[PDB]
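Chemist: The following block contains the structure, expressed as structure tokens.
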Amino acid sequence: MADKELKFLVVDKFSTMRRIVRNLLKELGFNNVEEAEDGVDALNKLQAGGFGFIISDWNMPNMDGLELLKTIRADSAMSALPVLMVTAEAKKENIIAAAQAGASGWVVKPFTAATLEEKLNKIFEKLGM
Amino acid sequence: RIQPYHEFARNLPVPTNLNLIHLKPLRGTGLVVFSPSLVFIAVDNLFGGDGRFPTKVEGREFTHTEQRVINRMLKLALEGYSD
Amino acid sequence: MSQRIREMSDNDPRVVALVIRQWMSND
Amino acid sequence: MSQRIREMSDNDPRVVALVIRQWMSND
Amino acid sequence: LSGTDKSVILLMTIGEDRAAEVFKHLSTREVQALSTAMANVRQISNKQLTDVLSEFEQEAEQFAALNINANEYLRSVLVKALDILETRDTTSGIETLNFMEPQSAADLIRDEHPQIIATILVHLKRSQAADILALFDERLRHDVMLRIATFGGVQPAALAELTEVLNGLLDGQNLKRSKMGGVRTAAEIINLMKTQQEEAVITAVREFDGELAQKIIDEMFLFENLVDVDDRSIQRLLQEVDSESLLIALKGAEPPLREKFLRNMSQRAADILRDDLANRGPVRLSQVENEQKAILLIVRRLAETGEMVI
Amino acid sequence: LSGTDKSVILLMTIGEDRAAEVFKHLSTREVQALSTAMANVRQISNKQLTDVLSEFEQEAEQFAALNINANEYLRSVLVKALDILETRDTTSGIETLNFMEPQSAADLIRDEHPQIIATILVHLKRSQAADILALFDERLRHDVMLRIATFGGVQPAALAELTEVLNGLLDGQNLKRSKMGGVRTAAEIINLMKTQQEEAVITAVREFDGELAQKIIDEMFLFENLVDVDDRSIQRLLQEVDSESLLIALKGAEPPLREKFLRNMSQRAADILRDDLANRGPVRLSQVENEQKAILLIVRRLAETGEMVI
């Protein structure tokens, strides 16, 4: 089983979506969840450290999800940190670019709690958690 | 399909428009669930949308005009259900 | 406001309608 | 304060409203 | 004051009962137009009353009143002794199907049965039906032409039903009265943007649809197209453009357009403008864009008055 | 006296019942404005009464009274024989969605559905819609443009509902009437501080957010930016600045700004100012700052009157 004290960073431009994701994570047993409004704030909070999983939106102001993922992978201290990508449009080119950047998973809005739980379980199994 | 409430909640896409209704004289609260895709299609049709450019759900809250459209759709649905 | 208002009020409604139609046609 | 105050008090309220509207539009 | 305004004032000044009685002798279109005009009335001045009353008196004497209601009188005479407005309405609908744009009518009747299309076009003007047929596809247009060539006549009942259906469609369209949403409206919007966002929008639309962007481009006057305008219109334009404004605007213009402007000016003025262009220092792009926008506004004003052809 | 003040005096001098009756024939905005203006009335003098009464009489004769209530009269005539203010309100809302700042409207409609945004912009002026679209992101702006290009018309009920929602949002905004809280207000505050605290605040804001400080810097006139102002405005400024005040202020000015001021003065005056600068002893920084503040106040006064461009 995955560690229930794992710290999650939810990054999205909409506060309501972040609250929904936090509630879904709480229903799954994860209570250590922090929220970020854009890529810059997400990177600033990542520089603090202590996070074990990232859920980030694709299109965000001042930094999109792809650039944030590339910056995370470029950092040695956070290159192995799993990142979950949530988007509104599942274009093949964007998915391929994210996979080349090192995305751990992909979620398409709208989605159900079952899909999110399945994605988290698959990511944890791939990482051996 | 008949299933426990938690299973029904687990299979509802999020975010979504949830409407609480009452079926008098029966006791309890009913739910009318409107998917964001249907709401966007109705908004497109009402405001001259050609339908060639579907709107992707970004996870944002419905606007006041969208809320009024949902209102109208729900009123029609409740009238049909009652009839 | 002389008696012309009262005199015009006693005209046949068809006459008024024809005057209105001609005025709208001239536009 | 001559009879003009009393004469103005007997005017139709619609006339007063139109005068007010024109005055506000001219601002 | 238009005739509609005079009629509205007359109806307002005769009383509600008299105005209602007059409406009973007016067609639905006239009643709707008067009601719409009566809605926006805010004040009627002394002249707007007296002149309207005098003109109404002179008009009532113009046709000397009379003209008892034709329908009721004719019906009574026929009943005692022994078409009409329906024929007049069909004639009006025939007229209504000729004043519309050929594209609008063609789209209205594109999905109709080919025999119905042929029947409609037979009663239309030759030019309007010719224009409508030009917009149809080859197969449908030629089928309609062949059906017209063998048109055998239509019973009055079927023609009346078709006219009623067309009148209902026209009433629906007029209730909609579709606000301009084609490429022309976007082109007007795009022309008033800054060059950055204008070019970005044009490029993005071309990325989505090159044909759509080209249609918007063809419907927009973004300057630099005055080279394609005739010499006479350019000469007319120069009479309304300030010398300094033209000098600033032509600073960022292409050499072909610059020569097009110079060729339409007097030789002394052309030399003066060339010297000013060669001697004046760099001009900020925003000022040049503003001057070009002003020149385009002048061009639009001249075109609306018919003095300039675009 | 403004027309609102004259109307308020008229309402106060006709009695409470008459004023209430007049309010029944006025729109909500007019009633609210009059009530707000009636609230601050402290005294009405003899002239403010007599001139208002005479002007009211001349205005009542201007449009010669009349104009029976359009809505009730039209309804009665239609009922007896057989849009309106709703159409007028929709037109006013169309006007209201064009007089606002493009940024404010764009932020108001940024979160709306793209089809709703396209529908709103179709009914707007070309320039206003162009400016609003320029502020949207690439994807949303191009989606709205594409939806406009394929705009098929909106039913009157949906348009009326959208207009009512927009009117409610506008009423909420006007009730708020957000006091200026952007970088401009801080820049105005910062410009009136002493140099020490002004520079400290600017540096600290840059430490927190360089972009925010730059925006505040771009919105502030902290002197030493008159070098970027055109020569004509500087020459106009010199006509309102005392020679001694300019001499003291230019003592602490940079050589580029000093030459900018000198180049806009007459050669004799420029030589006199140079000699005074070379001969006058050291000046306390506080006095120089005060003189620069006075010069900036003069610049602001000239800019407000349109005589100076910043």
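Chemist: Evaluate the following for B:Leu78: is it of a type outside the set (S, T, N, Q), surrounded by 14 or more Cβ atoms within 10 Å (Cβ to Cβ) and more than 14 Å from every other protein chain (Cβ to nearest Cβ)?
Modeler: Values: of a type outside the set (S, T, N, Q): yes; surrounded by 14 or more Cβ atoms within 10 Å (Cβ to Cβ): yes; more than 14 Å from every other protein chain (Cβ to nearest Cβ): yes.
Taking the combined requirement at face value, the residue satisfies it.
Chemist: Out of all the residues in region F:13-23, which are over 28 Å from F:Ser92 (Cβ atoms) and surrounded by 15 or more Cβ atoms within 10 Å (Cβ to Cβ)?
Modeler: Pass one, region F:13-23, residues over 28 Å from F:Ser92 (Cβ atoms): F:13, F:15-17.
F:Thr13 - this is the single residue of region F:13-23 that is over 28 Å from F:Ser92 (Cβ atoms) and surrounded by 15 or more Cβ atoms within 10 Å (Cβ to Cβ).
Chemist: Yes or no: region E:31-38 includes at least one residue that is at the interface with chain C (Cβ under 9 Å from one of its Cβ atoms) and buried (at least 19 other Cβ atoms within 10 Å of the Cβ). Write out each step before concluding.
Modeler: Filtering region E:31-38 for residues at the interface with chain C (Cβ under 9 Å from one of its Cβ atoms) gives E:33-34.
From what is left, the residues that are buried (at least 19 other Cβ atoms within 10 Å of the Cβ) are E:34.
Scanning region E:31-38 turns up at least one residue that is at the interface with chain C (Cβ under 9 Å from one of its Cβ atoms) and buried (at least 19 other Cβ atoms within 10 Å of the Cβ).
Chemist: While we're here: Considering only region F:222-251, how many residues are among the small types (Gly, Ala, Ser) and not in a helix (DSSP H, G or I)? Spell out how you get there, then give the answer.
Modeler: Just the residues of region F:222-251 that are among the small types (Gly, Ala, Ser), to begin with: F:233, F:243, F:245, F:249.
Next cut, not in a helix (DSSP H, G or I) only: none.
Counting residues in region F:222-251 that are among the small types (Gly, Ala, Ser) and not in a helix (DSSP H, G or I) gives 0.
Chemist: Look through E:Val205, E:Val183, E:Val229 and report the one residue that is under 20 Å from F:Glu138 (Cβ atoms) and of a type in the set (A, V, I, L, M, F, W, C).
Modeler: Working: E:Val183 fails: under 20 Å from F:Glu138 (Cβ atoms); E:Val229 fails: under 20 Å from F:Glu138 (Cβ atoms).
Of the residues listed, the single one that is under 20 Å from F:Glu138 (Cβ atoms) and of a type in the set (A, V, I, L, M, F, W, C) is E:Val205.
Chemist: From F:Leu78, F:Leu66, F:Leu26, which residue is within 13 Å of chain D (Cβ to nearest Cβ), over 33 Å from the mean Cα position of the chain (by Cα), surrounded by 15 or more Cβ atoms within 10 Å (Cβ to Cβ) and closer than 30 Å to E:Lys47 by Cβ?
Modeler: F:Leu66
Chemist: For region A:96-125, enumerate the residues that are more than 14 Å from the chain's Cα centre (by Cα) and among the aliphatic types (A, V, I, L, M).
Modeler: A:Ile96, A:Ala97, A:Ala113, A:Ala114
Chemist: Picking from B:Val39, B:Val32, B:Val43, which residue would you name as being surrounded by 15 or more Cβ atoms within 10 Å (Cβ to Cβ), away from chain A (no Cβ under 14 Å) and under 11 Å from the mean Cα position of the chain (by Cα)? Walk me through it before giving the result.
Modeler: On the way: B:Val39 fails: away from chain A (no Cβ under 14 Å); B:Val43 fails: under 11 Å from the mean Cα position of the chain (by Cα).
From the options B:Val39, B:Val32, B:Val43, the qualifying one is B:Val32.
Quick grid of which residues meet (1) polar (S, T, N, Q); (2) more than 7 Å from every other protein chain (Cβ to nearest Cβ); (3) under 17 Å from F:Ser92 (Cα atoms):
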{"position": "F:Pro156", "(1), (2), (3)": "no, yes, yes"}
{"position": "F:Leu170", "(1), (2), (3)": "no, yes, yes"}
{"position": "F:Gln173", "(1), (2), (3)": "yes, yes, yes"}
{"position": "F:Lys179", "(1), (2), (3)": "no, yes, no"}
{"position": "F:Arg184", "(1), (2), (3)": "no, yes, no"}
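Chemist: If you don't mind, another one. For a quick check of your reading: which strands (runs of 3 or more DSSP E) sit entirely within region A:35-129 and have at least 1 residues that are surrounded by fewer than 19 Cβ atoms within 10 Å (Cβ to Cβ) and touching a strand residue (DSSP E or B) at 6+ places or on another chain (Cβ under 8 Å)?
Modeler: Answer list for region A:35-129: A:105-108.
Chemist: In the list A:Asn23, A:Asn31, A:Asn44, which residue meets the criterion of being over 13 Å from the mean Cα position of the chain (by Cα) and under 24 Å from A:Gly128 (Cβ atoms)?
Modeler: Numbers: A:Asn23 fails: under 24 Å from A:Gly128 (Cβ atoms); A:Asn44 fails: under 24 Å from A:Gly128 (Cβ atoms).
Going through A:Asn23, A:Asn31, A:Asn44 in turn, just one is over 13 Å from the mean Cα position of the chain (by Cα) and under 24 Å from A:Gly128 (Cβ atoms): A:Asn31.
Chemist: Also, quick follow-up: Give the residue that is farthest from the other protein chains (Cβ to nearest Cβ), with candidates limited to residues of region B:1-21 that are in contact with a helix residue (DSSP H, G or I) (Cβ under 7 Å, 6 or more places away or on another chain) and not aliphatic (A, V, I, L, M).
Modeler: Per the criteria, the residue is B:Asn19.
Chemist: Scan region E:1-57 residue by residue and report those that are under 15 Å from C:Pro13 (Cβ atoms) and in a loop (DSSP other than H, G, I, E, B).
Modeler: E:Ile14, E:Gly15, E:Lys24, E:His25, E:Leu26, E:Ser27
Chemist: Go through region F:81-97 and give me each residue that's within 12 Å of chain E (Cβ to nearest Cβ) and either of a type outside the set (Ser, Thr, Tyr) or under 30 Å from A:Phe14 (Cβ atoms) (or both).
Modeler: Those that are within 12 Å of chain E (Cβ to nearest Cβ) and either of a type outside the set (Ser, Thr, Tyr) or under 30 Å from A:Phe14 (Cβ atoms) (or both): F:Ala81, F:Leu82, F:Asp83, F:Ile84, F:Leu85, F:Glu86, F:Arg88, F:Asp89, F:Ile94.
We place every Cβ from the backbone using ideal geometry, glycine too, and count neighbours over all the protein chains shown. None of the figures in this text is laboratory data; all of them are computed from the coordinates on show.
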